[PDB]
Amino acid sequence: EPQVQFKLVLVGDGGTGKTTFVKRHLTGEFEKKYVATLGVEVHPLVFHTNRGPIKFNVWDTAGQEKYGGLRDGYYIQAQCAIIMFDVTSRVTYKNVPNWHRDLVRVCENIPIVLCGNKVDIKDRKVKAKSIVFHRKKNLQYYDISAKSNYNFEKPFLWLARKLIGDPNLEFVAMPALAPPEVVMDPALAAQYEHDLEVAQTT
């Protein structure tokens, strides 16, 4: 018996929280592989479903997105992807179309998730109404906080359901995660859940 394994590319501007987000899955960080000529660290994030074990091999940069773009070797062969931005920084959000363009050019029709990070910070700039454009382009969206573990499993459970072709797939136990470094206020989570429903119903 082989192993069900998927290449996932994690892309987005420098300073958005990619490396902090991938590092929450503790065993993936313990067993990572550094490849210097690609400019990447590959993290084996294993998840446990109702039909069995799955592995997402997550590609995280070495910081080369701050002074340029990524080569075609980073993207080639991906089976899925996560594009991240920071919700307190608008310039990170306005560069999302160009990240989506590179994934489309090299990979064509793969399932892609858009993540808005740092939702624990009180003064938020980019809200739920500005995400509607990307939903009409066929991206899936989640509000994320890497430091408190808020919605960590969401992007991985949607991508597993798409790849396997099963809308009733579930995770039967959670992976060991790095203890929260900040508290996600419960009044801010209740308000942001309401903003998203308003925007995508009405």
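Note that residue numbering follows the sequence shown and begins at 1.
Between 126-134 and 80-88, the higher mean Cα B-factor belongs to 126-134. Of the two stretches examined, 112-120 and 71-79, the record assigns the greater average C-alpha temperature factor to 71-79. Taking only the listed residues 46, 177, 144, 139, the entry reports the highest CA temperature factor at 139. Ranked within its chain, residue 57 lands in the lowest third, by CA B factor from the PDB record.
Residue 50: CA B factor lies in the middle third for its chain, per the PDB record.
Sort the chain's modelled residues by C-alpha temperature factor and residue 168 lands in the highest third, per the entry. When the CA B factors of the chain's modelled residues are split into thirds, the value for residue 65 lands in the highest one. The deposited CA B-factor of residue 160 belongs to the middle third of values across its chain.
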